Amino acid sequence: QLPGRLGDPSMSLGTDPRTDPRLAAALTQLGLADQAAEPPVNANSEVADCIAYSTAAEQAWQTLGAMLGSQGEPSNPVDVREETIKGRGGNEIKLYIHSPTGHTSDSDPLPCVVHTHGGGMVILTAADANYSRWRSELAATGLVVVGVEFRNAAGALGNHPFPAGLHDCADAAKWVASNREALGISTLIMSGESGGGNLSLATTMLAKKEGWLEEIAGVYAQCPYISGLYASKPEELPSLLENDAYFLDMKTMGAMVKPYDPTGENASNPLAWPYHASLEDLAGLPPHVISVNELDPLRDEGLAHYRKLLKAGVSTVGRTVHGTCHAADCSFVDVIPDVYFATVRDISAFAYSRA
């Protein structure tokens, strides 16, 4: 039979034979293994209702991130410092800069990851414990990691639709590229997951459009949230049906699209939704890695974008992380540490490979 809900509409992460059983047990304990509940909003809801719902969901998701990320620390010591820069429009952008203890401007320079966190570009913050933990685990492998606190479409850092968060990520990356000696860095890659995978991809396309593409040496985009088509459910993206309500329901995502682009006038704009890029948007981009999760409704738009990058002549590696729901290898360090650290090491090795 067909996998997931294509073969059995009642299947869930908890009953799907593909799920890593350690992850399935943890999700079951968290109440996240069954099919996700139908949300009170959807893509036909009022923008104000979608914003209010997203703002309500933010604290719940932040608590989950705190549970998953705060129970440990890297085995190598890491320093974190805060910096504030000014965006193109004059707003202040907070940066969290993670580095191995004892790394200075006088050390041998290290590769740099500018990290753009997930949350559908709508909610969550760089200060959340799971994202702080991720940036410190990356730094502990021998990296300088810059976590961007960009504006969100909703929630505590809201309410700023496209392209506010994108401009903040671009301005932060430009600042990093202009401060390589001070930070002690040798190369710069963009990396992030889900909405952060969107923002890392779009920041790089924007750098091409703004003429500073040479500053970015590569992109490592995890489970990218890049089609915006969760209301439509297109034929080209079977995972949207196959893994629907695996952690995220399609109605929830259809509602969360609206705060990012309330008029829908950027639905086909690749800077908002990279899946819609033309080959011309992608020509000349630096090497990319696209890493998708097997049991993720977003899997197939990530793989489609992997293929489009290749068709545009970009050097691209494509990976599926098996047994995982959406973004599980970014968070569940206490449950599937071998998977989590396999991804940490893969990102670090890629960053070093660009130096």
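So that there is no doubt, residue numbering starts at 1 and follows the sequence shown.
Enquirer: Out of 77-85 and 269-277, which stretch has the higher average CA B-factor listed in the record?
Expert: Per the PDB record, 77-85.
Enquirer: For the C-alpha atoms alone, is the average B factor greater in 41-49 or in 289-297, going by the entry?
Expert: Taking the mean B-factor of the alpha carbons in each, 41-49 is higher.
Enquirer: Just to confirm, going by the entry's C-alpha B-factors, which of 323, 318, 31, 302 comes out highest?
Expert: Spelled out: the listed residue with the top C-alpha B-factor is 31.
Enquirer: Using only the C-alpha B-factors in the record, can you name which of 249, 215, 168, 193 has the highest?
Expert: That would be 249, according to the entry.
Enquirer: Would you please rank residue 15 by its C-alpha temperature factor against the other modelled residues of its chain and give the third it falls in: lowest, middle or highest?
Expert: Top third by C-alpha B-factor.
Enquirer: Based on the deposited C-alpha B factors for this chain, I'd like to know if residue 1 is in the lowest, middle or highest third.
Expert: Tercile = highest for this residue's CA B-factor.
Enquirer: Looking at the entry's B-factor column for C-alpha atoms only, identify whether residue 231 ranks in the lowest, middle or highest third of its chain.
Expert: Tercile = highest for this residue's CA B-factor.
Enquirer: Which third of the chain does residue 141 land in by C-alpha B-factor: lowest, middle or highest?
Expert: As the PDB entry reports it, the C-alpha B-factor of residue 141 lands in the middle third of its chain.
Enquirer: Please place residue 23 in the lowest, middle or highest third of its chain by C-alpha B factor as given in the entry.
Expert: Answer is middle: the recorded C-alpha B-factor places it there.
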